[PDB]
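Trainee: This one is structure34.txt, compact mmCIF, C-alpha atoms and all ligand atoms.
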```txt
# COMPACT_ATOMS: atom_id res chain seq x y z
CA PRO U 29 -21.19 28.93 -35.97
CA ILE U 30 -23.29 27.80 -39.09
CA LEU U 31 -24.13 29.90 -42.23
CA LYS U 32 -27.11 29.35 -44.42
CA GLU U 33 -27.23 31.69 -47.49
CA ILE U 34 -30.11 32.66 -49.77
CA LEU U 35 -29.33 34.32 -53.06
CA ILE U 36 -32.24 36.03 -54.82
CA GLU U 37 -31.45 37.28 -58.30
CA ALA U 38 -32.73 40.83 -58.72
CA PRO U 39 -33.70 42.82 -61.82
CA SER U 40 -31.33 45.61 -62.73
CA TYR U 41 -28.22 45.27 -60.61
CA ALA U 42 -26.87 46.20 -57.23
CA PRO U 43 -29.70 45.92 -54.67
CA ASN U 44 -28.05 47.97 -52.03
CA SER U 45 -30.73 48.60 -49.33
CA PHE U 46 -33.92 47.31 -47.91
CA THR U 47 -36.95 48.37 -46.02
CA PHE U 48 -40.18 46.67 -44.98
CA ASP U 49 -43.81 47.68 -44.65
CA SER U 50 -46.58 47.08 -42.05
CA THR U 51 -47.87 43.96 -43.86
CA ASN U 52 -44.36 42.72 -43.59
CA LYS U 53 -44.58 40.40 -46.64
CA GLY U 54 -41.54 40.52 -48.91
CA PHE U 55 -39.32 43.60 -49.05
CA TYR U 56 -38.28 46.68 -50.88
CA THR U 57 -34.94 47.30 -52.45
CA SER U 58 -33.30 50.00 -54.50
CA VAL U 59 -31.28 49.12 -57.60
CA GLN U 60 -28.86 50.41 -60.19
CA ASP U 61 -31.31 51.64 -62.84
CA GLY U 62 -33.21 54.07 -60.61
CA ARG U 63 -36.11 51.91 -59.48
CA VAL U 64 -37.18 50.80 -56.06
CA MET U 65 -38.61 47.32 -56.60
CA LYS U 66 -40.72 45.20 -54.36
CA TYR U 67 -40.23 41.49 -53.83
CA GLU U 68 -43.56 39.75 -53.32
CA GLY U 69 -42.16 36.19 -52.85
CA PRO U 70 -40.76 33.25 -54.92
CA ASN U 71 -43.76 32.55 -57.16
CA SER U 72 -44.52 36.24 -57.46
CA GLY U 73 -41.04 37.76 -58.03
CA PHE U 74 -40.13 41.44 -58.21
CA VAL U 75 -42.30 44.27 -59.46
CA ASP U 76 -41.77 47.97 -59.93
CA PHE U 77 -42.71 49.96 -56.85
CA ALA U 78 -41.40 53.50 -57.04
CA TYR U 79 -39.06 55.83 -58.98
CA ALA U 80 -37.33 58.89 -57.48
CA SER U 81 -36.98 60.41 -60.92
CA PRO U 82 -39.90 62.28 -62.52
CA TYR U 83 -38.41 61.07 -65.77
CA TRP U 84 -37.75 57.44 -65.21
CA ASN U 85 -38.85 55.60 -68.28
CA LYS U 86 -38.53 52.03 -69.41
CA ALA U 87 -36.88 52.10 -72.87
CA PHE U 88 -34.07 54.42 -71.82
CA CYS U 89 -33.63 53.49 -68.10
CA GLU U 90 -34.43 49.82 -67.46
CA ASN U 91 -31.35 47.68 -66.68
CA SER U 92 -28.98 50.46 -67.60
CA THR U 93 -25.47 49.97 -66.51
CA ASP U 94 -24.31 53.30 -67.84
CA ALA U 95 -23.47 55.83 -65.19
CA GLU U 96 -24.05 58.71 -67.56
CA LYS U 97 -27.70 57.64 -67.48
CA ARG U 98 -28.04 58.43 -63.77
CA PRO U 99 -28.68 62.16 -63.91
CA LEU U 100 -32.04 61.48 -65.62
CA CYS U 101 -32.89 58.00 -64.35
CA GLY U 102 -31.78 58.60 -60.75
CA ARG U 103 -30.00 56.22 -58.39
CA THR U 104 -31.64 55.74 -55.02
CA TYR U 105 -29.25 54.93 -52.16
CA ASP U 106 -31.61 54.27 -49.27
CA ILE U 107 -35.35 53.84 -48.50
CA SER U 108 -37.15 53.71 -45.17
CA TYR U 109 -40.80 53.02 -44.40
CA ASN U 110 -42.99 55.03 -42.02
CA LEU U 111 -45.02 52.18 -40.60
CA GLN U 112 -47.88 54.09 -38.92
CA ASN U 113 -48.88 55.86 -42.16
CA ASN U 114 -47.63 53.35 -44.75
CA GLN U 115 -45.26 55.82 -46.48
CA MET U 116 -41.80 55.42 -47.87
CA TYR U 117 -38.99 57.93 -47.67
CA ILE U 118 -36.41 57.89 -50.41
CA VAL U 119 -32.99 59.52 -50.65
CA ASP U 120 -31.72 59.57 -54.23
CA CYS U 121 -28.35 60.86 -55.49
CA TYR U 122 -29.90 63.02 -58.20
CA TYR U 123 -33.44 63.67 -56.99
CA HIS U 124 -32.53 63.99 -53.27
CA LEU U 125 -35.05 63.47 -50.49
CA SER U 126 -38.52 62.45 -51.49
CA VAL U 127 -41.47 60.32 -50.36
CA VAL U 128 -44.05 57.98 -51.81
CA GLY U 129 -47.39 56.57 -50.69
CA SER U 130 -48.43 52.95 -50.20
CA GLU U 131 -49.25 52.87 -53.87
CA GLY U 132 -45.75 53.61 -55.19
CA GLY U 133 -45.14 55.56 -58.40
CA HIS U 134 -42.90 58.60 -59.02
CA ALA U 135 -41.84 60.12 -55.66
CA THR U 136 -42.81 63.57 -54.31
CA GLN U 137 -39.70 65.70 -53.70
CA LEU U 138 -39.28 67.04 -50.17
CA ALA U 139 -35.86 68.76 -49.94
CA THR U 140 -32.94 69.60 -52.17
CA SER U 141 -30.76 71.62 -49.81
CA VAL U 142 -30.05 72.93 -46.31
CA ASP U 143 -28.68 76.30 -45.17
CA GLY U 144 -28.52 77.47 -48.80
CA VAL U 145 -26.18 74.61 -49.75
CA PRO U 146 -27.62 72.13 -52.22
CA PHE U 147 -27.31 68.38 -51.55
CA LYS U 148 -24.80 66.59 -53.85
CA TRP U 149 -25.17 62.93 -52.83
CA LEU U 150 -27.83 61.92 -50.30
CA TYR U 151 -27.07 58.48 -48.98
CA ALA U 152 -28.70 57.18 -45.82
CA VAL U 153 -32.17 57.63 -44.48
CA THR U 154 -34.21 56.60 -41.50
CA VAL U 155 -37.62 57.20 -40.00
CA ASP U 156 -37.96 57.55 -36.27
CA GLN U 157 -41.28 55.76 -35.92
CA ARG U 158 -42.04 57.51 -32.63
CA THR U 159 -41.61 61.14 -33.72
CA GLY U 160 -42.16 60.64 -37.46
CA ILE U 161 -38.99 62.62 -37.98
CA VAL U 162 -36.62 61.71 -40.78
CA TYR U 163 -32.84 61.63 -40.37
CA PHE U 164 -30.54 61.50 -43.37
CA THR U 165 -27.12 62.04 -44.64
CA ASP U 166 -25.36 63.74 -47.57
CA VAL U 167 -21.93 62.33 -48.40
CA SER U 168 -20.53 65.42 -50.04
CA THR U 169 -21.14 68.98 -51.06
CA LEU U 170 -18.72 68.60 -54.02
CA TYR U 171 -18.90 65.10 -55.51
CA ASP U 172 -21.70 62.80 -56.54
CA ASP U 173 -22.11 59.15 -57.62
CA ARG U 174 -19.70 59.33 -60.47
CA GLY U 175 -17.02 61.03 -58.40
CA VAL U 176 -16.00 58.34 -55.88
CA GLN U 177 -12.37 58.38 -56.90
CA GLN U 178 -12.24 62.15 -56.13
CA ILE U 179 -13.96 61.61 -52.77
CA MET U 180 -11.10 59.19 -51.85
CA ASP U 181 -8.33 61.19 -53.52
CA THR U 182 -9.24 64.48 -51.73
CA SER U 183 -10.32 62.61 -48.61
CA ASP U 184 -13.47 64.60 -48.84
CA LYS U 185 -14.75 65.85 -45.45
CA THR U 186 -17.84 67.88 -46.35
CA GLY U 187 -20.53 65.31 -45.39
CA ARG U 188 -23.70 66.40 -43.60
CA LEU U 189 -26.40 65.08 -41.24
CA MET U 190 -29.89 66.60 -41.49
CA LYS U 191 -33.32 66.05 -40.06
CA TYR U 192 -36.58 66.46 -41.97
CA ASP U 193 -39.76 67.10 -40.02
CA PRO U 194 -42.96 66.10 -41.88
CA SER U 195 -45.26 68.18 -39.71
CA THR U 196 -43.25 71.50 -40.05
CA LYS U 197 -41.91 70.60 -43.51
CA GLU U 198 -38.54 71.90 -42.30
CA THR U 199 -35.05 70.59 -43.03
CA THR U 200 -32.56 71.19 -40.25
CA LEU U 201 -28.80 70.69 -40.46
CA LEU U 202 -27.44 68.73 -37.48
CA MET U 203 -23.79 68.11 -38.29
CA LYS U 204 -21.43 69.30 -41.04
CA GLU U 205 -17.85 68.41 -42.07
CA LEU U 206 -18.45 64.69 -41.80
CA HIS U 207 -15.87 62.30 -43.25
CA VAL U 208 -18.01 60.57 -45.95
CA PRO U 209 -21.12 59.77 -43.82
CA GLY U 210 -22.34 56.52 -45.46
CA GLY U 211 -24.73 55.36 -42.74
CA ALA U 212 -27.15 56.85 -40.17
CA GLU U 213 -29.63 55.29 -37.73
CA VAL U 214 -31.99 56.52 -35.00
CA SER U 215 -32.14 54.85 -31.54
CA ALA U 216 -35.22 52.92 -30.46
CA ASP U 217 -35.90 55.48 -27.78
CA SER U 218 -35.40 58.58 -30.00
CA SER U 219 -32.67 59.94 -27.81
CA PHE U 220 -29.75 59.84 -30.26
CA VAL U 221 -28.74 59.39 -33.92
CA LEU U 222 -25.70 57.42 -35.08
CA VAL U 223 -23.68 58.22 -38.21
CA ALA U 224 -20.89 56.15 -39.75
CA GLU U 225 -17.99 58.28 -40.98
CA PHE U 226 -16.46 56.06 -43.64
CA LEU U 227 -12.97 57.58 -43.99
CA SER U 228 -12.64 58.02 -40.21
CA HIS U 229 -13.55 54.46 -39.35
CA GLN U 230 -15.90 55.53 -36.63
CA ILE U 231 -19.50 55.51 -35.48
CA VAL U 232 -20.43 58.89 -34.11
CA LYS U 233 -23.35 59.45 -31.67
CA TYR U 234 -25.38 62.66 -31.92
CA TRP U 235 -27.76 63.37 -29.03
CA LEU U 236 -31.30 64.38 -29.76
CA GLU U 237 -32.40 64.43 -26.02
CA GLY U 238 -31.00 64.80 -22.47
CA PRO U 239 -28.20 67.06 -21.12
CA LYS U 240 -25.72 66.18 -23.88
CA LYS U 241 -28.25 67.50 -26.50
CA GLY U 242 -26.81 69.03 -29.67
CA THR U 243 -23.40 67.36 -28.98
CA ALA U 244 -21.61 64.50 -30.70
CA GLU U 245 -18.98 61.95 -29.53
CA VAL U 246 -17.15 58.93 -30.97
CA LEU U 247 -19.12 55.87 -29.99
CA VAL U 248 -16.94 53.07 -31.38
CA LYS U 249 -14.43 52.55 -34.08
CA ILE U 250 -14.90 50.15 -36.95
CA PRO U 251 -12.84 49.77 -40.19
CA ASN U 252 -14.61 51.36 -43.20
CA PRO U 253 -18.18 51.51 -41.81
CA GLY U 254 -21.13 51.78 -44.20
CA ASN U 255 -24.91 51.63 -43.70
CA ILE U 256 -26.24 51.22 -40.14
CA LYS U 257 -29.61 49.62 -39.46
CA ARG U 258 -31.31 49.13 -36.03
CA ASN U 259 -32.89 45.75 -35.24
CA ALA U 260 -35.90 44.82 -33.09
CA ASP U 261 -33.67 44.42 -30.05
CA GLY U 262 -32.55 48.04 -30.43
CA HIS U 263 -29.08 47.03 -31.41
CA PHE U 264 -27.23 48.16 -34.54
CA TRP U 265 -25.76 46.36 -37.55
CA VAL U 266 -23.19 48.08 -39.69
CA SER U 267 -21.19 46.90 -42.63
CA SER U 268 -17.46 46.88 -42.26
CA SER U 269 -15.45 46.75 -45.46
CA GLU U 270 -11.97 46.54 -43.96
CA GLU U 271 -9.55 47.82 -46.64
CA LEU U 272 -6.46 45.91 -45.50
CA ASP U 273 -4.23 47.83 -47.88
CA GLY U 274 -5.70 51.21 -46.94
CA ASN U 275 -7.62 51.94 -50.18
CA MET U 276 -10.36 50.56 -52.33
CA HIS U 277 -8.09 48.74 -54.83
CA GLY U 278 -6.39 46.32 -52.42
CA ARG U 279 -7.80 43.39 -50.40
CA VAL U 280 -11.11 43.80 -48.62
CA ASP U 281 -12.23 41.75 -45.65
CA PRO U 282 -15.97 42.49 -45.31
CA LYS U 283 -17.78 41.83 -42.03
CA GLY U 284 -21.09 42.67 -40.47
CA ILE U 285 -20.71 44.10 -37.01
CA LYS U 286 -23.49 44.33 -34.50
CA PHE U 287 -23.16 46.76 -31.66
CA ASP U 288 -25.15 48.45 -28.93
CA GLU U 289 -25.98 51.89 -27.67
CA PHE U 290 -22.80 51.94 -25.54
CA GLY U 291 -20.32 51.01 -28.25
CA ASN U 292 -19.96 47.33 -27.33
CA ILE U 293 -19.36 44.82 -30.13
CA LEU U 294 -21.87 41.96 -29.84
CA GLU U 295 -21.26 40.00 -33.00
CA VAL U 296 -18.88 39.85 -35.97
CA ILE U 297 -19.88 37.98 -39.12
CA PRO U 298 -17.42 37.65 -41.98
CA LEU U 299 -19.29 37.55 -45.29
CA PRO U 300 -19.27 34.31 -47.28
CA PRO U 301 -18.94 33.90 -51.06
CA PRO U 302 -19.99 35.68 -53.15
CA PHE U 303 -19.50 38.78 -51.03
CA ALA U 304 -16.17 37.71 -49.60
CA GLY U 305 -13.18 39.72 -50.71
CA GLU U 306 -15.26 42.79 -51.61
CA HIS U 307 -16.90 45.97 -50.32
CA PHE U 308 -20.50 45.94 -49.26
CA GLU U 309 -23.12 48.45 -48.22
CA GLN U 310 -25.64 47.19 -45.72
CA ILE U 311 -26.41 44.34 -43.44
CA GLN U 312 -30.00 44.51 -42.03
CA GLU U 313 -31.65 42.18 -39.52
CA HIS U 314 -35.29 41.45 -40.11
CA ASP U 315 -37.28 38.51 -38.80
CA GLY U 316 -34.14 36.50 -37.93
CA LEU U 317 -32.71 37.12 -41.42
CA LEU U 318 -29.70 39.15 -42.45
CA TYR U 319 -30.13 41.13 -45.65
CA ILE U 320 -26.93 41.95 -47.55
CA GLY U 321 -26.89 45.00 -49.78
CA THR U 322 -24.04 45.58 -52.15
CA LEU U 323 -23.11 47.93 -55.05
CA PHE U 324 -21.58 45.21 -57.23
CA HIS U 325 -23.64 42.04 -57.06
CA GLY U 326 -26.72 41.14 -59.08
CA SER U 327 -28.40 39.18 -56.27
CA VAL U 328 -29.95 39.92 -52.86
CA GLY U 329 -28.03 37.99 -50.18
CA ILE U 330 -29.80 36.87 -47.05
CA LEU U 331 -27.96 35.11 -44.20
CA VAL U 332 -29.63 32.83 -41.60
CA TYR U 333 -26.99 32.47 -38.85
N1 LIG Y 1 -19.25 50.20 -49.45
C1 LIG Y 1 -19.03 50.46 -48.03
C2 LIG Y 1 -19.23 51.94 -47.74
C3 LIG Y 1 -18.99 52.76 -49.01
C4 LIG Y 1 -18.56 52.28 -50.16
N2 LIG Y 1 -18.47 53.26 -51.05
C5 LIG Y 1 -18.85 54.39 -50.48
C6 LIG Y 1 -18.94 55.68 -50.96
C7 LIG Y 1 -19.38 56.69 -50.12
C8 LIG Y 1 -19.72 56.40 -48.81
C9 LIG Y 1 -19.62 55.10 -48.33
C10 LIG Y 1 -19.19 54.11 -49.17
```
Turn the structure described in the file into structure tokens.
Mentor:
Amino acid sequence: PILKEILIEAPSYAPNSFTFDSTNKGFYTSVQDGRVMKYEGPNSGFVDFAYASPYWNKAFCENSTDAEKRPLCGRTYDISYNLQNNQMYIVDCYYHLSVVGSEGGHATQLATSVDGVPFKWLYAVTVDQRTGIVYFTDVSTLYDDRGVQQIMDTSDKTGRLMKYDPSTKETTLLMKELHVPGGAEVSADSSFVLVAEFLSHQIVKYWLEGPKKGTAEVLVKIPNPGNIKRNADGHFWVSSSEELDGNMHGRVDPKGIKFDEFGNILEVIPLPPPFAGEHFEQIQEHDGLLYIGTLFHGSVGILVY
């Protein structure tokens, strides 16, 4: 059991998710100061790709580490490409669900609420390449970005799972009263969606098709599960930030856990330095590489394993 690690220093801070386009050269990642950047390669580096915020601007926003800059600058928490039509969905804390074309730029806003209840902190997003439908997650109806302590203190259980349907332009609520839903992923065959409930330490399976349609059930339990991303095999990687002292201020034992559509663990990878001892967001398999997204490091981590 060998580990090779690549550390790519990013601009801004906190590259926390990734997605990949048809060309499949380099990658896209969202960062602290509101941008989604694109990595071309070593020589080429990172360039601006898109901004959720209508108002993102360089002088005021670039490389901010001030949280009271987020309401204007945005903070995007997840991005997912639609490969057939080269289009990128964005979920941003402050500018909610939007999309951008191949060309990047400021995103076009697509939804700010469901069932009359405004989104407070959109978090996870995924495109079902077969249907073109978008599944995403809102972590709270009360607290945003700068309210994490409250989320933990009240043990907030107002999270939501929605679908967006490009063709009808309709947002549909699929589940409510989720326990901090920090990850969501669609199955390869479009039959079910998975959501990680952070404070419940569980992956939940929601059926899109078949006799169990419209119903959910606990698929597997994992300590402090974050982002979930499907790989080419149709399996699922999720981040596990095991809080061994039962809260964010004690020891953390972060692992990437790969599982399958039947709740079987296939793989457990404990994170090496520098992610060891600390929470992380996402582990994503792509082309034999494992991308590590975090909310506290200034570098992309990639594991070869
Ligand atoms: N970082 C692992 C998951 C996580 C951390 N902070 C969160 C806040 C809300 C939801 C999930 C998270």
Trainee: By how many Å are CA of residue 135 (chain U) and CA of residue 62 (chain U) apart?
Mentor: 11.6 Å
Trainee: Against ligand LIG 1 (chain Y), which residues of chain U fall within 8 Å? For each one I want the closest pair of atoms and the distance in Å (one decimal), counting all atoms listed in the file, rows by chain and increasing residue number, as a tab-separated table.
Mentor:
```
residue	atom	partner	partner_atom	distance
U:151	CA	Y:LIG1	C8	7.6
U:167	CA	Y:LIG1	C8	6.3
U:176	CA	Y:LIG1	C6	6.3
U:179	CA	Y:LIG1	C7	7.8
U:208	CA	Y:LIG1	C8	5.3
U:209	CA	Y:LIG1	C8	6.2
U:210	CA	Y:LIG1	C9	4.2
U:211	CA	Y:LIG1	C9	7.6
U:226	CA	Y:LIG1	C9	5.7
U:252	CA	Y:LIG1	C2	6.5
U:253	CA	Y:LIG1	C2	6.0
U:254	CA	Y:LIG1	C2	4.0
U:255	CA	Y:LIG1	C2	7.0
U:267	CA	Y:LIG1	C1	6.8
U:268	CA	Y:LIG1	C1	7.0
U:269	CA	Y:LIG1	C1	5.8
U:307	CA	Y:LIG1	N1	4.9
U:308	CA	Y:LIG1	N1	4.4
U:309	CA	Y:LIG1	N1	4.4
U:310	CA	Y:LIG1	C1	7.7
U:322	CA	Y:LIG1	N1	7.2
U:323	CA	Y:LIG1	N1	7.2
```
Trainee: With 12 Å as the threshold, what does the neighbourhood of (-19.5, 68.3, -51.4) contain in terms of residues, counting all atoms listed in the file? Coordinates are those of the file; answer as a PyMOL selection string.
Mentor: chain U and resi 141+145-150+165-173+175-176+178-179+182-188+204-209
Trainee: Taking the point (-29.1, 72.1, -39.4) as given in the file, collect each protein or nucleic acid residue that comes within 10 Å of it, counting all atoms listed in the file, and present the set as an mmCIF file with C-alpha atoms, keeping the file's coordinate frame.
Mentor:
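Result written to point.cif:
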```
data_model
loop_
_atom_site.group_PDB
_atom_site.id
_atom_site.type_symbol
_atom_site.label_atom_id
_atom_site.label_comp_id
_atom_site.auth_asym_id
_atom_site.auth_seq_id
_atom_site.Cartn_x
_atom_site.Cartn_y
_atom_site.Cartn_z
ATOM 1 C CA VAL U 142 -30.050 72.930 -46.310
ATOM 2 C CA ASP U 143 -28.680 76.300 -45.170
ATOM 3 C CA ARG U 188 -23.700 66.400 -43.600
ATOM 4 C CA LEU U 189 -26.400 65.080 -41.240
ATOM 5 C CA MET U 190 -29.890 66.600 -41.490
ATOM 6 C CA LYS U 191 -33.320 66.050 -40.060
ATOM 7 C CA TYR U 192 -36.580 66.460 -41.970
ATOM 8 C CA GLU U 198 -38.540 71.900 -42.300
ATOM 9 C CA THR U 199 -35.050 70.590 -43.030
ATOM 10 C CA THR U 200 -32.560 71.190 -40.250
ATOM 11 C CA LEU U 201 -28.800 70.690 -40.460
ATOM 12 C CA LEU U 202 -27.440 68.730 -37.480
ATOM 13 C CA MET U 203 -23.790 68.110 -38.290
ATOM 14 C CA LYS U 204 -21.430 69.300 -41.040
#
```
Trainee: For the contact check between region 187-247 of chain U and region 283-287 of chain U, emit one row per residue of region 187-247 of chain U within 12 Å, containing the shortest atom pair and the distance in Å rounded to one decimal, counting only C-alpha atoms, chain then rising number order, as JSON lines.
Mentor:
```
{"residue": "U:222", "atom": "CA", "partner": "U:287", "partner_atom": "CA", "distance": 11.5}
{"residue": "U:231", "atom": "CA", "partner": "U:287", "partner_atom": "CA", "distance": 10.2}
{"residue": "U:247", "atom": "CA", "partner": "U:287", "partner_atom": "CA", "distance": 10.1}
```
Trainee: Rank U:140, U:121, U:312, U:306 by their smallest atom-to-atom distance to residue 213 (chain U), using only C-alpha atoms, and report the top residue only.
Mentor: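 Of the candidates, the smallest distance to residue 213 (chain U) is held by U:312.
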Trainee: Return the single residue from U:73, U:160, U:300, U:316 that is closest to residue 109 (chain U), with distances computed using all atoms listed in the file.
Mentor: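 Among the listed residues, U:160 lies closest to residue 109 (chain U).
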Trainee: If we count all atoms listed in the file and set the cut-off at 12 Å, which residues sit around residue 332 (chain U), ignoring sequence neighbours fewer than 5 positions away in its own chain? Please answer as a VMD selection string.
Mentor: chain U and resid 29 to 35 297 299 to 300 312 to 320
Trainee: Which residue gives the smallest distance to residue 216 (chain U) among U:83, U:234, U:264, U:123, with only C-alpha atoms counted?
Mentor: U:264
Trainee: For region 312-327 of chain U, which lacks atoms in the input, supply N, CA and C atoms and format the output as an mmCIF file, in the frame of the given file.
Mentor:
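That gives us result26.cif:
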```cif
data_model
loop_
_atom_site.group_PDB
_atom_site.id
_atom_site.type_symbol
_atom_site.label_atom_id
_atom_site.label_comp_id
_atom_site.auth_asym_id
_atom_site.auth_seq_id
_atom_site.Cartn_x
_atom_site.Cartn_y
_atom_site.Cartn_z
ATOM 1 N N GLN U 312 -28.802 44.147 -42.819
ATOM 2 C CA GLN U 312 -30.000 44.510 -42.030
ATOM 3 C C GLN U 312 -30.709 43.304 -41.447
ATOM 4 N N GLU U 313 -30.934 43.296 -40.125
ATOM 5 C CA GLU U 313 -31.650 42.180 -39.520
ATOM 6 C C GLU U 313 -33.113 42.393 -39.673
ATOM 7 N N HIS U 314 -33.834 41.373 -40.084
ATOM 8 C CA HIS U 314 -35.290 41.450 -40.110
ATOM 9 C C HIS U 314 -35.857 40.057 -39.986
ATOM 10 N N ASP U 315 -36.710 39.845 -39.004
ATOM 11 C CA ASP U 315 -37.280 38.510 -38.800
ATOM 12 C C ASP U 315 -36.250 37.373 -38.774
ATOM 13 N N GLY U 316 -35.155 37.551 -38.032
ATOM 14 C CA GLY U 316 -34.140 36.500 -37.930
ATOM 15 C C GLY U 316 -33.306 36.334 -39.202
ATOM 16 N N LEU U 317 -33.515 37.182 -40.213
ATOM 17 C CA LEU U 317 -32.710 37.120 -41.420
ATOM 18 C C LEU U 317 -31.761 38.330 -41.591
ATOM 19 N N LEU U 318 -30.609 38.079 -42.196
ATOM 20 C CA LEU U 318 -29.700 39.150 -42.450
ATOM 21 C C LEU U 318 -29.583 39.513 -43.940
ATOM 22 N N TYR U 319 -30.113 40.678 -44.286
ATOM 23 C CA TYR U 319 -30.130 41.130 -45.650
ATOM 24 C C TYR U 319 -28.814 41.787 -45.968
ATOM 25 N N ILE U 320 -28.229 41.420 -47.102
ATOM 26 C CA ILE U 320 -26.930 41.950 -47.550
ATOM 27 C C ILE U 320 -27.051 42.798 -48.813
ATOM 28 N N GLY U 321 -26.890 44.102 -48.654
ATOM 29 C CA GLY U 321 -26.890 45.000 -49.780
ATOM 30 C C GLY U 321 -25.474 45.364 -50.201
ATOM 31 N N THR U 322 -25.319 45.511 -51.506
ATOM 32 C CA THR U 322 -24.040 45.580 -52.150
ATOM 33 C C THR U 322 -24.172 46.579 -53.328
ATOM 34 N N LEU U 323 -23.055 47.059 -53.877
ATOM 35 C CA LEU U 323 -23.110 47.930 -55.050
ATOM 36 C C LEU U 323 -22.600 47.258 -56.288
ATOM 37 N N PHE U 324 -22.247 45.969 -56.180
ATOM 38 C CA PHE U 324 -21.580 45.210 -57.230
ATOM 39 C C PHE U 324 -22.125 43.800 -57.476
ATOM 40 N N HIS U 325 -23.116 43.355 -56.733
ATOM 41 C CA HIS U 325 -23.640 42.040 -57.060
ATOM 42 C C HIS U 325 -25.022 42.152 -57.714
ATOM 43 N N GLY U 326 -25.410 41.138 -58.476
ATOM 44 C CA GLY U 326 -26.720 41.140 -59.080
ATOM 45 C C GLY U 326 -27.765 40.345 -58.313
ATOM 46 N N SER U 327 -27.474 39.951 -57.072
ATOM 47 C CA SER U 327 -28.400 39.180 -56.270
ATOM 48 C C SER U 327 -28.552 39.720 -54.853
#
```
